[PDB]
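J.: Can you keep this structure in mind? I'll have questions shortly.
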Amino acid sequence: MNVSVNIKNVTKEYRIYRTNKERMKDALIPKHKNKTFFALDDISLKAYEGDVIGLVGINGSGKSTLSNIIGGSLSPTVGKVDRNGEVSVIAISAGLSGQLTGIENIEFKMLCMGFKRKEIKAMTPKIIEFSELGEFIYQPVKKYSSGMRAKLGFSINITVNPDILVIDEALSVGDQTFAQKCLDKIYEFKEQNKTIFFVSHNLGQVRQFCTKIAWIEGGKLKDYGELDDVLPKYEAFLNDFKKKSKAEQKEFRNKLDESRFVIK
Amino acid sequence: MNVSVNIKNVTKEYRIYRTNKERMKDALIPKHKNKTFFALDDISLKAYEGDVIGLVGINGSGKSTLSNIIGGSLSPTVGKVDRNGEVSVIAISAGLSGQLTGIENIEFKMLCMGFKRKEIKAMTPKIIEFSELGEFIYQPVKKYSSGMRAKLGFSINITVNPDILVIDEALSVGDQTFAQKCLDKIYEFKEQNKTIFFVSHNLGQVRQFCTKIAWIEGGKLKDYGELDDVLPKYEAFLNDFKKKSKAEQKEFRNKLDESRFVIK
Amino acid sequence: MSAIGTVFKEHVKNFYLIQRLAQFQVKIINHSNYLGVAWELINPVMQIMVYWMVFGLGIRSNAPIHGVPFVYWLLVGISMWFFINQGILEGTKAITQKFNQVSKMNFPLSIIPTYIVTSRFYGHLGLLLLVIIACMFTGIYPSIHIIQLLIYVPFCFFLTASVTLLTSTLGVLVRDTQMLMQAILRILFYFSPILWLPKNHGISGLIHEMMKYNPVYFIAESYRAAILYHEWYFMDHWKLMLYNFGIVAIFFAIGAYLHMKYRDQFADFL
Amino acid sequence: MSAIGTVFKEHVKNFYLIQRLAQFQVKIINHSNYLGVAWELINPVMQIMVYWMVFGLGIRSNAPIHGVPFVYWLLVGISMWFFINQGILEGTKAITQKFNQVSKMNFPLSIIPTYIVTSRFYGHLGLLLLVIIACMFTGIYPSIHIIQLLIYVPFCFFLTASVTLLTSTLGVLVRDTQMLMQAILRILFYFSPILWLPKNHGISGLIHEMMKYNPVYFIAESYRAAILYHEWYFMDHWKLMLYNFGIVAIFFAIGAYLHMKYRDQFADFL
Ligand SMILES: Cc1c(CC(=O)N2CCC[C@@H]2C(=O)O)c(=O)oc2c(C)c3occ(-c4ccc(Cl)cc4)c3cc12
Ligand SMILES: Cc1c(CC(=O)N2CCC[C@@H]2C(=O)O)c(=O)oc2c(C)c3occ(-c4ccc(Cl)cc4)c3cc12
Ligand SMILES: Nc1ncnc2c1ncn2[C@@H]1O[C@H](COP(=O)(O)OP(=O)(O)NP(=O)(O)O)[C@@H](O)[C@H]1O
Ligand SMILES: Nc1ncnc2c1ncn2[C@@H]1O[C@H](COP(=O)(O)OP(=O)(O)NP(=O)(O)O)[C@@H](O)[C@H]1O
Ligand SMILES: [Mg+2]
Ligand SMILES: [Mg+2]
């Protein structure tokens with residue numbers, strides 16, 4: 001019951017200017033107030049220890065923004081979030097230079113995180129064995145396929161031990177055997193009491209991966225709860241949206257857009 | 001029964017040099033023969049009219065190479081392929097400039113394909129309506145999410161009418177409602193007697209999208225046939241691979257790698 | 001022989017596409033600047049000022065040349081240099097930088113550097129206009145001898161492209177050429193009548209005879225004759241015209257042949 | 001006052017990381033070249049040759065200065081220019097170009113331009129060594145007065161970084177500065193003792209008095225005094241030392257304050 005991540009009233013706004021030249025107007029004299037877009041609004045989150053939490057929602061709901069805020073690459077406009085450990089985030093396109101080869105990419109990544117060269121050379125064989133790259137580890141990364149790049153990035157991130165791990169649709173390109181291996185690794189990490197966040201648009205993978213569900217609709221948390229409770233509501237909402245006619249769908253999207261934008 | 005695409009003995013090799021400086025050795029005097037990797041080897045394909053063909057295989061099998069060869073961005077080393085129409089390919093990361101906005105990207109793409117400005121302005125509203133982008137069509141593309149970018153690219157490609165359409169895992173980022181809309185569009189295109197190739201690692205989407213299956217294993221076509229015949233064999237192979245121990249999996253991968261590489 | 005015809009047909013068929021792509025690239029490279037496309041006129045002008053303060057005020061003690069003030073003598077000759085330098089420098093990296101985005105796309109690969117050059121020609125034209133407008137304040141007014149520009153302004157363009165079509169391919173095969181180009185162009189700048197005029201009849205006589213082989217010499221002198229000197233340049237120097245036409249033809253032939261021979265194997269090299 | 005301490009602590013803590021990242025960037029920028037990292041020594045040398053052929057052989061008629069041949073007088077003064085120019089030009093675009101790849105990564109953002117500068121300093125050092133080795137063939141051998149380099153070689157570095165830390169932030173807020181920098185540096189090149197020496201006692205006396213405010217003047221003269229002239233430079237020109245130290249401190253303070261004030265809102269601007 002160790003509180004891993006706590007989020008209290010996190011809110012994020014973005015300033016929208018139709019013209020590129022309007023950026024300087026509000027930067028030199030503070031009297032200007034333009035239109036703003038609420039990417040997030042009053043999100044409260046409590047992630048305990050040994051939990052797999054899956055974020056669900058339609059495109060543009062604000063899952064990547066929340067994942068980046070948890071990771072630390074973004075700063076909330078209002079509110080604070082505290083983490084009891086070190087976090088690492090994997091995305092659909094991780095940091096891998098196309099010109100560099102696999103070994104150069106590995107040493108670059110582990111140098112940015114702050115590992116000595118002897119530690120890098122000691123940890124390299126584990127990455128090599130987990131990636132199943134073979135000869136192609138010596139070839140340039142640009143020669144890799146998408147699944148091979150995903151495997152290399154996932155192995156690099158997994159080999160170092162993070163307290164909190166975030167996966168943001170990274171497994172979509174990987175095949176089924178890689179998914180099973182990642183599932184075994186996730187079970188081991190759960191045994192090690194790490195906290196894992198999983199984002200995917202494949203509902204079967206979410207069902208077989210996650211244990212708690214957070215539903216985000218238009219930047220607001222519609223529902224947080226157990227898998228068996230929240231997931232059926234999301235599926236029923238998807239079927240109901242499929243039932244609706246085109247005009248009703250357009251009206252619903254327009255209502256969400258009206259709610260999200262405000263002039264202040 | 002119109003033969004849409006015909007492929008007869010398509011074979012592709014890549015030259016592998018461990019050192020970057022060995023490229024010039026075989027380019028100035030033709031006596032050098034280095035190690036080569038068979039990305040494809042003796043592929044024969046016959047795609048008729050009104051067919052949805054799904055490519056299946058593990059990571060690194062050679063599905064993207066075959067899709068690019070069909071599209072025309074690649075040239076086979078040995079063999080020829082003929083197409084009765086114009087083809088268009090959508091990938092996991094289509095051509096969209098991050099600095100440019102949606103409208104500038106649209107006009108760039110339709111200028112590269114050879115459309116006059118009046119035609120571009122006439123065809124823009126259909127793209128706007130299909131993308132469901134709203135105000136964000138005026139914002140820069142870098143502000144978009146992954147699903148929004150996929151929707152914009154898919155709408156741009158769909159609005160123009162191609163004889164052959166290839167989708168290479170582009171729908172993985174899109175949600176379920178977008179998938180249903182694409183399914184309806186695919187039904188309409190089947191009514192229009194277009195030929196669609198679909199590649200995805202989501203087997204339910206493949207089942208509900210495709211009608212014929214081509215299985216690629218190590219650059220060689222293991223089996224081509226109907227969905228109900230080929231798909232169960234692939235699933236059984238996946239379960240059998242899950243059954244096998246780590247040493248057996250490593251031996252199988254090593255055997256495939258031994259088969260693919262040759263010094264000639 | 002087939003390569004030349006193929007490249008010529010590709011360029012003739014896609015003229016408007018080349019123009020539109022150049023116009024789009026001009027906007028792309030000037031995206032986040034507050035002034036916008038005005039920098040295309042501001043960036044060269046400042047340089048000219050520096051070249052007038054160093055070589056005009058410092059050296060030469062502001063002495064006129066051929067009865068013309070040095071400021072306009074430098075202004076007429078400096079106009080083409082920015083276009084030539086920028087076109088040659090950016091066209092060598094056109095294929096290497098923008099291969100992946102165009103490998104999937106279906107348009108001829110031989111027109112990729114050309115519109116890059118066309119992204120700069122526009123700016124040059126504008127500067128040229130201003131120079132002529134700036135020449136009326138001294139008392140130099142346009143004459144009939146300005147019609148010669150119709151032969152001279154295009155030729156410079158046909159020179160720059162003819163270089164890039166080669167240096168792009170040579171850039172893909174060997175990456176060191178992009179580093180060598182910056183060394184060559186400087187030699188083409190200082191050994192030119194852009195800033196100084198040789199005196200001959202000595203150790204500079206060999207320099208004067210060697211400078212005639214530089215194609216920048218012909219362009220600068222022809223521009224000055226058309227705009228400043230009121231003289232039919234081709235009556236006295238048709239040998240230079242023929243030599244430069246031959247140079248352009250040789251460059252185009254070699255570039256087209258090399259581009260067509262190695263076009264298929266671009267992905268393996270890059 | 002807190003910004004200066006924060007930036008100093010960030011730089012002190014990540015010294016070895018800065019060195020390793022600079023070493024990796026050196027390899028990254030010289031990837032596909034066949035010669036490799038040799039171009040870091042080849043690219044400047046060729047330029048020097050050109051600057052000797054134009055300003056040494058053409059102008060000045062190869063006349064010695066201060067009892068020293070002009071070739072070595074130019075060689076000693078030209079060494080730092082390539083490092084300074086490249087560091088200032090590439091450090092202004094360091095944050096803008098490489099923001100997304102480092103926004104996700106967790107290291108201080110104030111050390112991003114610095115190692116960029118450190119990617120060039122290496123090469124400068126090498127060139128400097130060769131210059132000293134090249135000076136022994138005339139008869140100029142190292143003396144005790146060379147120990148002054150221990151004060152002078154670092155200062156130049158501490159100058160360049162002090163500029164970039166400012167110009168990077170000013171580059172994010174306004175994109176036009178990257179276009180203005182190329183105009184400024186040229187003025188800093190020609191109005192310097194790198195290629196010429198003013199005569200004073202006339203219209204060049206004001207030029208001589210104005211040139212002392214250029215920080216390149218102090219660096220070039222100090223290098224020449226340490227290597228060529230056999231003279232303790234700081235005994236006669238300590239006022240210039242103090243003025244340049246003040247300039248460096250002011251640049252560092254302003255850059256640190258501006259970087260810390262706008263660090264949070266980088267994504268909205270870029
Ligand atoms: C005058 C000058 C020589 C001449 C020189 O120095 N020479 C050559 C033969 C011998 C004689 C000498 O030994 O003194 C030179 O070479 O570069 C220069 C550079 C690189 C210069 O940048 C700027 C000026 C300058 C600009 C404006 C004003 Cl108002 C005043 C100055 C400037 C002058 C010279
Ligand atoms: C000599 C020279 C003047 C002097 C000049 O032209 N001046 C200035 C005062 C009046 C006098 C004149 O009116 O003739 C100049 O300005 O630029 C030059 C540039 C830009 C030059 O690049 C290359 C040479 C050069 C190199 C090697 C050899 Cl072996 C021979 C030549 C070269 C000379 C001058
Ligand atoms: N820098 C930005 N400026 C303005 N709006 C932004 C910016 N970054 C993101 N947005 C918007 O914020 C919203 C949330 O985006 P995002 O969180 O990536 O969607 P998502 O939850 O990841 N859905 P998905 O497309 O499946 O990834 C979208 O409407 C974006 O257009
Ligand atoms: N330019 C290249 N040089 C050498 N090998 C290459 C090159 N391009 C691709 N390959 C290799 O060719 C094989 C086929 O790649 P690819 O076709 O992209 O895999 P795939 O079928 O798409 N599987 P997936 O990862 O799901 O996309 C892989 O082993 C690649 O490493
Ligand atoms: Mg996302
Ligand atoms: Mg692929």
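As shown in the structure tokens, the chain order sets the letters A, B, ...; within each chain, residues go from 1, and ligands are also counted from 1 in the order they appear.
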Please identify every residue of chain A that has at least one atom no more than 12 Å from any atom of chain C, counting only C-alpha atoms, and report them as a PyMOL selection string.

T.: chain A and resi 19-24+98-99+140+142-143

J.: Output N, CA, C and O atoms for every residue in that selection, as an mmCIF file, in the first residue's frame.

T.:
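Resulting contents of again-v2.cif:
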data_model
loop_
_atom_site.group_PDB
_atom_site.id
_atom_site.type_symbol
_atom_site.label_atom_id
_atom_site.label_comp_id
_atom_site.auth_asym_id
_atom_site.auth_seq_id
_atom_site.Cartn_x
_atom_site.Cartn_y
_atom_site.Cartn_z
ATOM 1 N N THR A 19 -1.961 33.271 -35.864
ATOM 2 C CA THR A 19 -0.816 33.825 -36.567
ATOM 3 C C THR A 19 0.453 33.614 -35.749
ATOM 4 O O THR A 19 0.451 33.738 -34.522
ATOM 5 N N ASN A 20 1.541 33.283 -36.449
ATOM 6 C CA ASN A 20 2.812 33.041 -35.773
ATOM 7 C C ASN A 20 3.388 34.318 -35.173
ATOM 8 O O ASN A 20 4.197 34.253 -34.241
ATOM 9 N N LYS A 21 2.985 35.481 -35.685
ATOM 10 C CA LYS A 21 3.557 36.750 -35.254
ATOM 11 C C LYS A 21 2.944 37.279 -33.964
ATOM 12 O O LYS A 21 3.436 38.279 -33.432
ATOM 13 N N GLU A 22 1.893 36.643 -33.450
ATOM 14 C CA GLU A 22 1.242 37.102 -32.231
ATOM 15 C C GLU A 22 1.918 36.593 -30.965
ATOM 16 O O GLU A 22 1.468 36.933 -29.864
ATOM 17 N N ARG A 23 2.976 35.787 -31.090
ATOM 18 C CA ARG A 23 3.644 35.247 -29.910
ATOM 19 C C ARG A 23 4.295 36.347 -29.081
ATOM 20 O O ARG A 23 4.231 36.321 -27.846
ATOM 21 N N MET A 24 4.926 37.321 -29.737
ATOM 22 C CA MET A 24 5.642 38.376 -29.032
ATOM 23 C C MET A 24 4.723 39.372 -28.338
ATOM 24 O O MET A 24 5.185 40.090 -27.446
ATOM 25 N N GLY A 98 19.331 7.480 -36.340
ATOM 26 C CA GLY A 98 19.332 6.629 -37.517
ATOM 27 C C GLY A 98 20.717 6.360 -38.065
ATOM 28 O O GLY A 98 21.003 5.248 -38.520
ATOM 29 N N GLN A 99 21.593 7.367 -38.038
ATOM 30 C CA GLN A 99 22.944 7.188 -38.562
ATOM 31 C C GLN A 99 23.774 6.266 -37.680
ATOM 32 O O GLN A 99 24.591 5.493 -38.192
ATOM 33 N N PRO A 140 23.836 -0.217 -38.956
ATOM 34 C CA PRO A 140 23.216 1.048 -38.545
ATOM 35 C C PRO A 140 21.741 0.881 -38.217
ATOM 36 O O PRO A 140 21.061 -0.014 -38.726
ATOM 37 N N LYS A 142 19.274 2.755 -38.978
ATOM 38 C CA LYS A 142 18.369 3.064 -40.082
ATOM 39 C C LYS A 142 18.039 1.820 -40.904
ATOM 40 O O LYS A 142 17.029 1.790 -41.616
ATOM 41 N N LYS A 143 18.874 0.782 -40.815
ATOM 42 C CA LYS A 143 18.582 -0.462 -41.524
ATOM 43 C C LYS A 143 17.543 -1.295 -40.782
ATOM 44 O O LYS A 143 17.009 -2.264 -41.334
#

J.: Tell me the residues of chain D close to chain C, meaning within 10 Å using only C-alpha atoms, as a ChimeraX atom specification.

T.: /D:30-36,39,42-44,46-47,50-51,53-54,58-59,174-180,182-184,186-187,190-191,204,270

J.: Could you list, as a VMD selection string, every residue of chain B that has an atom within 8 Å of an atom of chain A, counting only C-alpha atoms?

T.: chain B and resid 16 18 58 to 60 138 to 139 145 147 to 148 169 172 to 177 201 to 202 238 241 to 242

J.: Taking 4 positions as the minimum chain separation for residues in the same chain, which residues sit within 12 Å of residue 68 in chain C when counting only C-alpha atoms? Answer as a PDB file with C-alpha atoms, in the first residue's frame.

T.:
ATOM      1  CA  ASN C  62      37.767  55.156 -52.190  1.00  0.00           C
ATOM      2  CA  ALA C  63      39.286  55.667 -55.631  1.00  0.00           C
ATOM      3  CA  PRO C  64      36.996  55.399 -58.678  1.00  0.00           C
ATOM      4  CA  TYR C  72      28.349  51.202 -57.867  1.00  0.00           C
ATOM      5  CA  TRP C  73      31.210  49.305 -59.518  1.00  0.00           C
ATOM      6  CA  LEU C  74      31.119  46.939 -56.533  1.00  0.00           C
ATOM      7  CA  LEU C  75      27.308  46.944 -56.374  1.00  0.00           C
ATOM      8  CA  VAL C  76      26.908  45.705 -59.955  1.00  0.00           C
ATOM      9  CA  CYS C 135      22.105  53.459 -60.283  1.00  0.00           C
ATOM     10  CA  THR C 138      24.411  59.100 -59.905  1.00  0.00           C
ATOM     11  CA  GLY C 139      23.153  59.899 -63.402  1.00  0.00           C
ATOM     12  CA  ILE C 140      23.332  56.436 -64.962  1.00  0.00           C
ATOM     13  CA  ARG C 224      28.992  45.788 -65.783  1.00  0.00           C
ATOM     14  CA  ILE C 227      24.465  48.246 -66.898  1.00  0.00           C
ATOM     15  CA  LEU C 228      27.402  50.638 -66.392  1.00  0.00           C
ATOM     16  CA  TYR C 229      29.727  50.930 -69.389  1.00  0.00           C
TER      17      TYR C 229
END

J.: Identify, with DSSP run on backbone atoms, the residues in range 22-241 of chain B assigned to strand (DSSP E or B), and express the list as a ChimeraX atom specification.

T.: /B:35-47,52-56,78-83,87-90,101,140,164-168,195-199,212-217,220-226

J.: Those residues you just picked out, can you put them in a file as a compact mmCIF listing (two decimals), in the first residue's frame with N, CA and C atoms?

T.:
# COMPACT_ATOMS: atom_id res chain seq x y z
N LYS B 35 29.61 -10.19 -48.37
CA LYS B 35 28.46 -10.88 -47.81
C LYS B 35 27.17 -10.16 -48.20
N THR B 36 26.11 -10.94 -48.41
CA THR B 36 24.83 -10.40 -48.82
C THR B 36 23.72 -11.03 -47.98
N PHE B 37 22.64 -10.25 -47.83
CA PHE B 37 21.48 -10.62 -47.04
C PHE B 37 20.26 -10.62 -47.94
N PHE B 38 19.53 -11.74 -47.96
CA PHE B 38 18.37 -11.91 -48.83
C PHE B 38 17.14 -11.39 -48.10
N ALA B 39 16.77 -10.14 -48.39
CA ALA B 39 15.56 -9.59 -47.79
C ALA B 39 14.32 -10.30 -48.32
N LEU B 40 14.31 -10.62 -49.61
CA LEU B 40 13.28 -11.43 -50.23
C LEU B 40 13.95 -12.46 -51.14
N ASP B 41 13.25 -13.56 -51.39
CA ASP B 41 13.82 -14.62 -52.22
C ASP B 41 12.69 -15.41 -52.86
N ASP B 42 12.52 -15.25 -54.17
CA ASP B 42 11.57 -16.03 -54.97
C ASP B 42 10.14 -15.89 -54.45
N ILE B 43 9.63 -14.67 -54.54
CA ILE B 43 8.26 -14.35 -54.16
C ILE B 43 7.41 -14.24 -55.41
N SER B 44 6.32 -15.00 -55.46
CA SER B 44 5.39 -14.96 -56.58
C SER B 44 4.01 -14.64 -56.04
N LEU B 45 3.38 -13.61 -56.60
CA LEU B 45 2.15 -13.05 -56.05
C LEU B 45 1.19 -12.74 -57.18
N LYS B 46 -0.09 -12.98 -56.94
CA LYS B 46 -1.16 -12.68 -57.89
C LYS B 46 -2.32 -12.07 -57.12
N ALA B 47 -2.50 -10.76 -57.24
CA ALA B 47 -3.59 -10.07 -56.57
C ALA B 47 -4.63 -9.67 -57.61
N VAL B 52 -8.98 -8.09 -50.57
CA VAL B 52 -8.28 -7.55 -49.41
C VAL B 52 -7.29 -8.61 -48.96
N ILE B 53 -6.00 -8.30 -49.06
CA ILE B 53 -4.93 -9.25 -48.79
C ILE B 53 -4.14 -8.75 -47.59
N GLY B 54 -4.00 -9.60 -46.58
CA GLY B 54 -3.27 -9.26 -45.37
C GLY B 54 -1.97 -10.03 -45.30
N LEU B 55 -0.89 -9.30 -45.03
CA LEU B 55 0.44 -9.87 -44.87
C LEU B 55 0.68 -10.16 -43.39
N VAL B 56 1.11 -11.38 -43.09
CA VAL B 56 1.38 -11.78 -41.71
C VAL B 56 2.80 -12.30 -41.61
N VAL B 78 16.22 -8.96 -58.82
CA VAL B 78 15.85 -9.87 -59.90
C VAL B 78 14.33 -9.98 -59.94
N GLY B 79 13.76 -9.83 -61.12
CA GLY B 79 12.34 -10.03 -61.32
C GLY B 79 11.61 -8.73 -61.63
N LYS B 80 10.33 -8.89 -61.96
CA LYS B 80 9.49 -7.77 -62.37
C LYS B 80 8.12 -7.90 -61.72
N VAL B 81 7.47 -6.75 -61.55
CA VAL B 81 6.12 -6.67 -61.01
C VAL B 81 5.33 -5.66 -61.84
N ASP B 82 4.13 -6.04 -62.26
CA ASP B 82 3.28 -5.15 -63.04
C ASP B 82 1.98 -4.85 -62.30
N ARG B 83 1.56 -3.59 -62.39
CA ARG B 83 0.38 -3.08 -61.71
C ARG B 83 -0.56 -2.48 -62.75
N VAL B 87 -0.94 3.28 -57.49
CA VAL B 87 -0.88 2.78 -56.13
C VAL B 87 -0.53 3.92 -55.18
N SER B 88 -0.98 3.78 -53.93
CA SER B 88 -0.65 4.73 -52.88
C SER B 88 -0.43 3.96 -51.59
N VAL B 89 0.59 4.37 -50.83
CA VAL B 89 1.04 3.66 -49.64
C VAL B 89 0.96 4.59 -48.44
N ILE B 90 0.37 4.10 -47.35
CA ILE B 90 0.35 4.80 -46.07
C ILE B 90 1.14 3.96 -45.07
N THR B 101 1.55 23.74 -41.00
CA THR B 101 0.23 23.50 -40.45
C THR B 101 -0.50 22.47 -41.32
N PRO B 140 -0.21 24.30 -36.10
CA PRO B 140 0.89 23.53 -36.69
C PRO B 140 0.74 22.04 -36.41
N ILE B 164 -4.87 1.06 -56.37
CA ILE B 164 -4.35 0.14 -55.36
C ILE B 164 -3.97 0.95 -54.13
N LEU B 165 -4.46 0.51 -52.97
CA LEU B 165 -4.17 1.17 -51.70
C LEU B 165 -3.46 0.19 -50.78
N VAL B 166 -2.36 0.63 -50.18
CA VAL B 166 -1.57 -0.18 -49.26
C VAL B 166 -1.54 0.53 -47.91
N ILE B 167 -1.91 -0.19 -46.86
CA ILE B 167 -1.86 0.30 -45.49
C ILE B 167 -0.86 -0.55 -44.73
N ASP B 168 0.16 0.09 -44.15
CA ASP B 168 1.25 -0.60 -43.47
C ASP B 168 1.25 -0.16 -42.00
N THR B 195 -8.16 -2.53 -55.10
CA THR B 195 -7.38 -3.56 -54.43
C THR B 195 -6.68 -2.96 -53.22
N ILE B 196 -6.89 -3.57 -52.05
CA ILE B 196 -6.38 -3.06 -50.79
C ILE B 196 -5.49 -4.10 -50.15
N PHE B 197 -4.30 -3.67 -49.73
CA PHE B 197 -3.38 -4.48 -48.95
C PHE B 197 -3.34 -3.92 -47.53
N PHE B 198 -3.45 -4.80 -46.54
CA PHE B 198 -3.55 -4.39 -45.14
C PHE B 198 -2.51 -5.14 -44.33
N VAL B 199 -1.67 -4.41 -43.60
CA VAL B 199 -0.66 -4.99 -42.72
C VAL B 199 -0.90 -4.48 -41.31
N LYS B 212 -8.04 -12.50 -47.78
CA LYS B 212 -7.01 -13.45 -48.15
C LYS B 212 -5.75 -13.15 -47.35
N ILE B 213 -4.94 -14.18 -47.12
CA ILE B 213 -3.78 -14.08 -46.24
C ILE B 213 -2.54 -14.57 -46.96
N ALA B 214 -1.46 -13.80 -46.85
CA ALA B 214 -0.13 -14.18 -47.30
C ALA B 214 0.80 -14.20 -46.09
N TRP B 215 1.45 -15.34 -45.86
CA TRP B 215 2.32 -15.55 -44.71
C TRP B 215 3.77 -15.53 -45.18
N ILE B 216 4.57 -14.65 -44.58
CA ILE B 216 5.97 -14.46 -44.96
C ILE B 216 6.83 -14.83 -43.76
N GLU B 217 7.78 -15.74 -43.97
CA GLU B 217 8.67 -16.21 -42.91
C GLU B 217 10.10 -16.21 -43.44
N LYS B 220 10.60 -15.61 -47.33
CA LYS B 220 10.01 -16.59 -48.23
C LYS B 220 8.53 -16.76 -47.90
N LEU B 221 7.71 -16.85 -48.95
CA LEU B 221 6.28 -17.01 -48.78
C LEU B 221 5.97 -18.42 -48.31
N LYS B 222 5.66 -18.58 -47.03
CA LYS B 222 5.31 -19.88 -46.48
C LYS B 222 3.99 -20.39 -47.06
N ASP B 223 2.97 -19.53 -47.08
CA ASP B 223 1.65 -19.94 -47.53
C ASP B 223 0.83 -18.73 -47.97
N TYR B 224 0.12 -18.88 -49.08
CA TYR B 224 -0.86 -17.91 -49.57
C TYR B 224 -2.17 -18.66 -49.73
N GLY B 225 -3.25 -18.09 -49.20
CA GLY B 225 -4.55 -18.69 -49.39
C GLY B 225 -5.64 -17.84 -48.77
N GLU B 226 -6.76 -18.49 -48.51
CA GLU B 226 -7.90 -17.82 -47.90
C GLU B 226 -7.61 -17.51 -46.44
